[PDB]
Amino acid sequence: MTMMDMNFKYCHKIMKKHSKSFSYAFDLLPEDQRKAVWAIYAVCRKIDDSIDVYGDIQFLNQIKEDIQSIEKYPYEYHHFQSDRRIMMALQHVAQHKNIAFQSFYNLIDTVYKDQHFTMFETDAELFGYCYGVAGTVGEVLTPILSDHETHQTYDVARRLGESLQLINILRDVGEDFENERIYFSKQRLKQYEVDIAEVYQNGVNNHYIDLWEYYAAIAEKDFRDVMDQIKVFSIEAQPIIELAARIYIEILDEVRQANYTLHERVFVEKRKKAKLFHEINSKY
């Protein structure tokens, strides 16, 4: 029951706490891959949460320097500046897998940027943001969840990450609005004649529903194209990745069934998640 085990179990704790869908899915991987996913998760979570620690970029620059120490000196003992437990585990993972460190740097730049948030002019900017926050995560995970990483593998993984993020945005419209974030593009908002503030005030309508469903068709189409290439991923990871996706896809029906409410976070019941997994296991 070693010190390293304790490091991973802490990372596990962070993921079960914060990520109900992805926890449920990725914990079903073999031990060595699921532990690698916990570690990558906890690093990404620290990066995403780092600003509201003091109020400024301090903890974030520490995280980055810790990651750069590992990249540069993967086998030396580091006195980590941010979170020792998470960084020891990432270092362990890096000694065994070809981590794309530039994908973590991309994620971190995206977090820096989001301080001076400004709304996206076009869907092209929005999709670029999706890459920064979530495509990158797919990239980091690639060597973990596939046997032989090629460009096709990274591509599928990126596309998956980016559509899960688009689903995320689609679940959290109202919550995001309260935090003075709107993610739909000004182009697409103007086109559908939608003022998010107005809809947060007055309830949904046919305009907002149409704009919401525009982006949903994009996420679902991207989901289907990923599923068609599921076989880039190792045989053990295939069903797990399919479940993670299906669960997050189900969030879209949850939004619908709640009439596109901007005043709560909808969710897929645990008992539903198990149903989807049952469904997926028959196939496999």
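Throughout, we count residues from 1 along the sequence that is shown.
Residue range whose averaged C-alpha B-factor is higher in the record, 211-219 or 51-59: Higher of the two, by average CA B-factor, is 51-59.
Would you mind comparing 246-254 and 33-41 for me and telling me which has the higher average C-alpha temperature factor in the entry? Averaging CA B-factors over each stretch, the winner is 246-254.
Candidate set 204, 160, 170, 88 [ranked by C-alpha B-factor, highest]: Across 204, 160, 170, 88, the entry lists the biggest C-alpha B-factor for 204.
When you compare the CA B-factors of 180, 109, 155, 123 as listed in the entry, which one comes out on top? Spelled out: the listed residue with the top C-alpha B-factor is 180.
By its CA B factor, does residue 83 count among the lowest, middle or highest third of the modelled residues in the chain? It belongs to the middle third of the chain when residues are ordered by C-alpha B-factor.
Going by the recorded CA B-factors, say which third of the chain residue 273 sits in, lowest, middle or highest. Ranked within chain, residue 273 CA B lands in the middle tercile.
Quick check on the deposited entry: does the C-alpha B-factor of residue 71 sit in the lowest, middle or highest third of its chain? Its C-alpha B-factor belongs to the lowest third of this chain's values.
Compare the C-alpha B factor of residue 18 with those of the other modelled residues in its chain, then answer lowest, middle or highest third. It belongs to the highest third of the chain when residues are ordered by C-alpha B-factor.
What third of the chain, by the recorded C-alpha B-factor, contains residue 176? Ranked within chain, residue 176 CA B lands in the middle tercile.
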